[PDB]
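Visitor: Data file upload-v1.csv (CSV, C-alpha atoms and all ligand atoms) is appended below.
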```
chain,number,residue,atom,x,y,z
A,3,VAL,CA,69.9,-2.8,46.7
A,4,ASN,CA,72.5,-0.4,45.3
A,5,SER,CA,76.3,0.0,45.8
A,6,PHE,CA,76.5,3.0,48.2
A,7,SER,CA,78.3,2.2,51.5
A,8,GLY,CA,78.7,3.8,54.9
A,9,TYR,CA,75.9,6.4,54.6
A,10,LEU,CA,73.8,7.6,57.6
A,11,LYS,CA,70.1,7.5,56.8
A,12,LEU,CA,68.4,10.8,57.5
A,13,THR,CA,64.9,10.1,56.1
A,14,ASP,CA,63.1,7.6,53.9
A,15,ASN,CA,65.0,8.9,50.9
A,16,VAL,CA,68.0,11.0,52.0
A,17,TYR,CA,71.3,9.6,53.0
A,18,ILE,CA,74.6,11.4,54.1
A,19,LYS,CA,78.3,10.7,54.5
A,20,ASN,CA,81.4,12.6,55.2
A,21,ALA,CA,83.1,12.1,51.9
A,22,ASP,CA,84.6,13.7,48.8
A,23,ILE,CA,82.0,13.4,46.0
A,24,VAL,CA,84.8,12.7,43.4
A,25,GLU,CA,86.1,9.7,45.4
A,26,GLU,CA,82.5,8.5,45.9
A,27,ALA,CA,81.9,8.7,42.1
A,28,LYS,CA,85.1,6.9,41.1
A,29,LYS,CA,84.3,4.1,43.6
A,30,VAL,CA,80.5,3.7,42.9
A,31,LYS,CA,80.2,4.9,39.3
A,32,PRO,CA,76.6,5.9,39.9
A,33,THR,CA,74.0,6.5,37.2
A,34,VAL,CA,73.9,10.2,38.1
A,35,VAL,CA,76.4,12.4,39.9
A,36,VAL,CA,75.3,16.0,40.6
A,37,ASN,CA,77.6,18.9,39.9
A,38,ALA,CA,77.3,22.2,41.7
A,39,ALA,CA,77.5,24.2,38.5
A,40,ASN,CA,77.3,27.9,37.6
A,41,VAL,CA,75.1,29.2,34.7
A,42,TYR,CA,78.2,29.2,32.4
A,43,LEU,CA,79.3,25.7,33.2
A,44,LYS,CA,82.7,27.1,34.0
A,45,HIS,CA,84.1,24.4,36.4
A,46,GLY,CA,86.8,26.3,38.3
A,47,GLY,CA,86.7,25.1,41.9
A,48,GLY,CA,84.9,23.2,44.6
A,49,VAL,CA,82.7,20.3,43.3
A,50,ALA,CA,82.8,21.4,39.7
A,51,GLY,CA,86.6,22.0,39.5
A,52,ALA,CA,87.3,18.8,41.3
A,53,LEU,CA,85.0,16.6,39.1
A,54,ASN,CA,86.3,18.3,36.0
A,55,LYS,CA,89.9,17.7,36.9
A,56,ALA,CA,89.0,14.1,37.6
A,57,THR,CA,87.7,13.9,34.0
A,58,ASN,CA,91.0,15.3,32.6
A,59,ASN,CA,89.0,18.4,31.5
A,60,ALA,CA,86.6,16.4,29.3
A,61,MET,CA,83.7,17.7,31.3
A,62,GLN,CA,84.8,21.3,30.5
A,63,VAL,CA,85.2,20.6,26.8
A,64,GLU,CA,81.7,19.0,26.6
A,65,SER,CA,80.3,21.9,28.7
A,66,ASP,CA,81.7,24.6,26.4
A,67,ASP,CA,80.0,23.0,23.4
A,68,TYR,CA,76.7,22.8,25.4
A,69,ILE,CA,76.9,26.5,26.2
A,70,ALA,CA,77.9,27.5,22.6
A,71,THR,CA,74.8,25.7,21.4
A,72,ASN,CA,72.2,26.5,24.1
A,73,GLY,CA,73.4,29.6,26.1
A,74,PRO,CA,73.7,29.7,29.9
A,75,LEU,CA,71.5,27.8,32.3
A,76,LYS,CA,69.0,29.6,34.6
A,77,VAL,CA,69.8,29.9,38.3
A,78,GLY,CA,67.8,27.1,39.8
A,79,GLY,CA,68.0,25.1,36.5
A,80,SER,CA,70.0,22.1,35.3
A,81,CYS,CA,71.2,20.1,32.3
A,82,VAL,CA,72.1,16.4,31.8
A,83,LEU,CA,75.5,15.8,30.3
A,84,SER,CA,77.9,12.9,30.3
A,85,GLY,CA,79.4,11.5,33.5
A,86,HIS,CA,82.6,10.7,31.7
A,87,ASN,CA,84.8,8.3,33.9
A,88,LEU,CA,82.8,9.2,37.0
A,89,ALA,CA,79.1,8.2,36.4
A,90,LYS,CA,76.8,7.4,33.5
A,91,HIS,CA,75.5,11.0,33.6
A,92,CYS,CA,76.3,14.3,35.3
A,93,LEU,CA,73.3,16.5,36.3
A,94,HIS,CA,74.7,20.0,36.4
A,95,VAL,CA,72.5,22.0,38.8
A,96,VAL,CA,72.8,25.7,39.5
A,97,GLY,CA,72.0,26.8,43.1
A,98,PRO,CA,71.7,30.5,43.9
A,99,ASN,CA,74.9,32.4,44.6
A,100,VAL,CA,74.2,34.6,47.7
A,101,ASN,CA,77.4,36.4,47.0
A,102,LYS,CA,76.0,37.5,43.7
A,103,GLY,CA,72.7,38.7,45.3
A,104,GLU,CA,70.8,35.7,43.9
A,105,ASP,CA,67.5,34.8,45.6
A,106,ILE,CA,68.0,31.9,48.1
A,107,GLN,CA,64.4,30.7,47.4
A,108,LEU,CA,65.9,29.5,44.2
A,109,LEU,CA,67.6,26.8,46.2
A,110,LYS,CA,64.3,24.9,46.3
A,111,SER,CA,64.0,25.1,42.5
A,112,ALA,CA,67.5,23.8,42.2
A,113,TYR,CA,66.8,20.7,44.3
A,114,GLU,CA,63.6,20.0,42.3
A,115,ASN,CA,65.8,19.0,39.4
A,116,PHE,CA,66.8,15.9,41.5
A,117,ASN,CA,63.3,14.6,41.3
A,118,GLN,CA,63.7,13.7,37.6
A,119,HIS,CA,66.2,11.0,38.6
A,120,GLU,CA,65.5,7.9,40.7
A,121,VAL,CA,68.9,7.8,42.4
A,122,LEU,CA,71.7,10.4,42.7
A,123,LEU,CA,75.0,11.0,44.3
A,124,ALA,CA,75.1,14.7,45.1
A,125,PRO,CA,76.8,17.4,47.2
A,126,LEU,CA,75.1,20.0,49.3
A,127,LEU,CA,74.1,23.0,47.1
A,128,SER,CA,74.9,26.7,47.7
A,129,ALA,CA,77.3,25.1,50.0
A,130,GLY,CA,81.0,25.8,50.0
A,131,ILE,CA,82.1,28.6,47.7
A,132,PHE,CA,78.4,29.4,46.8
A,133,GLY,CA,78.1,30.9,50.3
A,134,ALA,CA,74.8,29.5,51.6
A,135,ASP,CA,74.3,28.0,55.1
A,136,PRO,CA,74.8,24.2,54.6
A,137,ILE,CA,71.6,23.7,58.0
A,138,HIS,CA,69.0,25.5,55.8
A,139,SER,CA,70.4,23.8,52.6
A,140,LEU,CA,70.2,20.3,54.1
A,141,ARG,CA,66.7,21.1,55.2
A,142,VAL,CA,65.6,22.3,51.8
A,143,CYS,CA,67.0,19.1,50.3
A,144,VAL,CA,65.1,16.9,52.7
A,145,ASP,CA,61.9,18.9,52.2
A,146,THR,CA,62.2,19.0,48.3
A,147,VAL,CA,63.8,15.8,47.0
A,148,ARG,CA,61.6,12.8,46.9
A,149,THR,CA,63.9,10.5,44.9
A,150,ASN,CA,66.9,8.6,46.6
A,151,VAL,CA,69.7,11.0,47.2
A,152,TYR,CA,73.2,10.1,48.6
A,153,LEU,CA,74.8,13.3,49.9
A,154,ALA,CA,78.6,13.5,50.1
A,155,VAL,CA,79.7,16.2,52.6
A,156,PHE,CA,83.4,17.1,52.1
A,157,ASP,CA,84.0,19.1,55.3
A,158,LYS,CA,84.0,16.9,58.4
A,159,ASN,CA,83.0,19.8,60.8
A,160,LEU,CA,80.0,20.6,58.6
A,161,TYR,CA,79.0,16.9,58.5
A,162,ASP,CA,79.3,16.3,62.2
A,163,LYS,CA,77.4,19.6,62.7
A,164,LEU,CA,74.8,18.7,60.1
A,165,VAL,CA,74.1,15.3,61.6
A,166,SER,CA,74.0,16.5,65.2
A,167,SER,CA,71.7,19.4,64.3
A,168,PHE,CA,69.4,17.4,62.0
A,169,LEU,CA,65.7,17.5,63.1
B,201,LIG,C1,83.8,22.8,53.1
B,201,LIG,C2,84.5,23.9,52.8
B,201,LIG,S1,83.5,24.6,51.6
B,201,LIG,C3,82.3,23.4,51.5
B,201,LIG,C4,81.1,23.5,50.6
B,201,LIG,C5,81.1,22.8,49.2
B,201,LIG,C6,82.3,23.2,48.4
B,201,LIG,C7,83.1,22.0,48.2
B,201,LIG,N1,82.1,20.8,48.4
B,201,LIG,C8,82.3,19.5,48.1
B,201,LIG,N2,81.4,18.6,48.5
B,201,LIG,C9,81.6,17.3,48.2
B,201,LIG,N3,82.6,16.8,47.7
B,201,LIG,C10,83.5,17.6,47.3
B,201,LIG,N4,84.7,17.5,46.7
B,201,LIG,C11,85.4,18.5,46.4
B,201,LIG,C12,84.6,19.6,46.9
B,201,LIG,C13,83.5,19.0,47.5
B,201,LIG,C14,81.1,21.3,49.3
B,201,LIG,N5,82.6,22.5,52.5
```
How would this structure read if it were set down as structure tokens?

Guide:
Amino acid sequence: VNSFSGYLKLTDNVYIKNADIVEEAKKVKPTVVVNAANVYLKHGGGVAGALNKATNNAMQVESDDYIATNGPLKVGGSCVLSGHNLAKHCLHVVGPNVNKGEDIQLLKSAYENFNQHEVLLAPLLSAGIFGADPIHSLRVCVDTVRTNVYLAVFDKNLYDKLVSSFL
């Protein structure tokens, strides 16, 4: 028994809610919150810019040191950094950017990173400003992640659409 509240159960291991991931994180303080990162860990908008603002820019400061030491992530890759005031850890995961010509099959690789963590609070990936279809994306999540994932969907019309169209 964990502390997530109000989620709809989609499968044995996937749960969903119409919620802002930042508000969910502040309330639950989960072991792992997933960020929808880019390869440079430049947190400008969407999930990344909202989480980072909620950390008072501490996430960006930590991220810039990570990049200076290690170089960029791979599309489909991830790194574990601090969760600051939002979670114990933040798993920064890079989904493909279809508006950069990046292969959408890399979305499955991106979700595979979630399997290294028993429980996660996460958004939908190479959703929002990353330009992917949020049906196909939910489907890849369900068919790839085997650990327990709590999805926070910010847009109400996407959520109602995702739930009503979920096979
Ligand atoms: C509607 C318009 S763009 C879009 C797709 C993604 C971009 C923003 N995303 C979030 N997901 C969960 N919590 C969040 N909090 C802030 C942003 C956000 C999903 N949904």

Visitor: Do you have the CA of residue 144 (chain A)-CA of residue 165 (chain A) distance handy?

Guide: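 Straight-line distance from CA of residue 144 (chain A) to CA of residue 165 (chain A) works out to 12.8 Å.
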
Visitor: Could the residues of chain A that have an atom at most 9 Å from ligand LIG 201 (chain B) be listed as CSV, each with its closest atom pair and the distance in Å to one decimal, counting all atoms listed in the file and ordered by chain and ascending residue number?

Guide:
```
residue,atom,partner,partner_atom,distance
A:20,CA,B:LIG201,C9,8.4
A:21,CA,B:LIG201,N3,6.3
A:22,CA,B:LIG201,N3,3.8
A:23,CA,B:LIG201,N3,3.8
A:24,CA,B:LIG201,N4,5.8
A:25,CA,B:LIG201,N4,8.0
A:26,CA,B:LIG201,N3,8.5
A:38,CA,B:LIG201,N1,8.4
A:47,CA,B:LIG201,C12,7.7
A:48,CA,B:LIG201,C7,4.2
A:49,CA,B:LIG201,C12,4.1
A:50,CA,B:LIG201,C12,7.6
A:51,CA,B:LIG201,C11,7.8
A:52,CA,B:LIG201,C11,5.5
A:53,CA,B:LIG201,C11,7.6
A:124,CA,B:LIG201,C9,7.7
A:125,CA,B:LIG201,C9,4.9
A:126,CA,B:LIG201,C14,6.1
A:127,CA,B:LIG201,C5,7.3
A:128,CA,B:LIG201,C5,7.5
A:129,CA,B:LIG201,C4,4.2
A:130,CA,B:LIG201,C4,2.4
A:131,CA,B:LIG201,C6,5.4
A:132,CA,B:LIG201,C6,7.5
A:133,CA,B:LIG201,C4,8.0
A:134,CA,B:LIG201,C4,8.8
A:136,CA,B:LIG201,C4,7.5
A:153,CA,B:LIG201,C9,8.1
A:154,CA,B:LIG201,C9,5.2
A:155,CA,B:LIG201,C9,4.9
A:156,CA,B:LIG201,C9,4.3
A:157,CA,B:LIG201,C1,4.3
A:158,CA,B:LIG201,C1,7.9
A:159,CA,B:LIG201,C1,8.3
A:160,CA,B:LIG201,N5,6.9
A:161,CA,B:LIG201,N5,9.0
```

Visitor: Determine, counting all atoms listed in the file, every residue of protein, DNA or RNA that lies within 9 Å of (68.3, 28.1, 45.3) in the file coordinates, then give the result as a list in words.

Guide: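 Output of the proximity query reads residues 77, 78, 96, 97, 98, 99, 104, 105, 106, 107, 108, 109, 110, 111, 112, 113, 127, 128 and 139 of chain A.
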
Visitor: So, counting only C-alpha atoms, which residue among A:76, A:91, A:141, A:86 is closest to residue 61 (chain A)?

Guide: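 Distance minimum relative to residue 61 (chain A) lands on A:86.
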
Visitor: In Å, with one decimal, what is the gap from CA of residue 121 (chain A) to CA of residue 149 (chain A)?

Guide: 6.2 Å

Visitor: Taking only C-alpha atoms into account, which of A:84, A:40, A:115, A:65 comes nearest residue 143 (chain A)?

Guide: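 Using only C-alpha atoms, the shortest distance to residue 143 (chain A) belongs to A:115.
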
Visitor: Interatomic distance between CA of residue 14 (chain A) and CA of residue 119 (chain A)?

Guide: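 Calculated distance between CA of residue 14 (chain A) and CA of residue 119 (chain A) is 16.0 Å.
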
Visitor: Smallest atom-to-atom distance to residue 37 (chain A): which of A:11, A:138, A:148, A:94, using all atoms listed in the file?

Guide: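 Closest residue, counting all atoms listed in the file: A:94.
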
Visitor: Given all atoms listed in the file as the basis, pick out the residue of A:101, A:123, A:163, A:142 nearest to residue 6 (chain A).

Guide: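 Of A:101, A:123, A:163, A:142, the one nearest residue 6 (chain A) is A:123, counting all atoms listed in the file.
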
Visitor: For residue 34 (chain A), please output as a list in words all residues within 6 Å (counting all atoms listed in the file; exclusion window: fewer than 4 positions along the same chain).

Guide: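 So the residues in contact are residues 89, 91, 92 and 122 of chain A.
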
Visitor: Rank nothing, just name the residue among A:70, A:140, A:151, A:63 nearest to residue 35 (chain A), using all atoms listed in the file.

Guide: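 Nearest candidate to residue 35 (chain A) out of A:70, A:140, A:151, A:63: A:151.
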
Visitor: Do a neighbour search on residue 42 (chain A) at 8 Å with only C-alpha atoms, toss out local chain neighbours closer than 6 positions, and write the hits as a ChimeraX atom specification.

Guide: /A:69,73-75

Visitor: For residue 43 (chain A), which residue out of A:145, A:120, A:135, A:66 is the nearest one, using only C-alpha atoms?

Guide: A:66
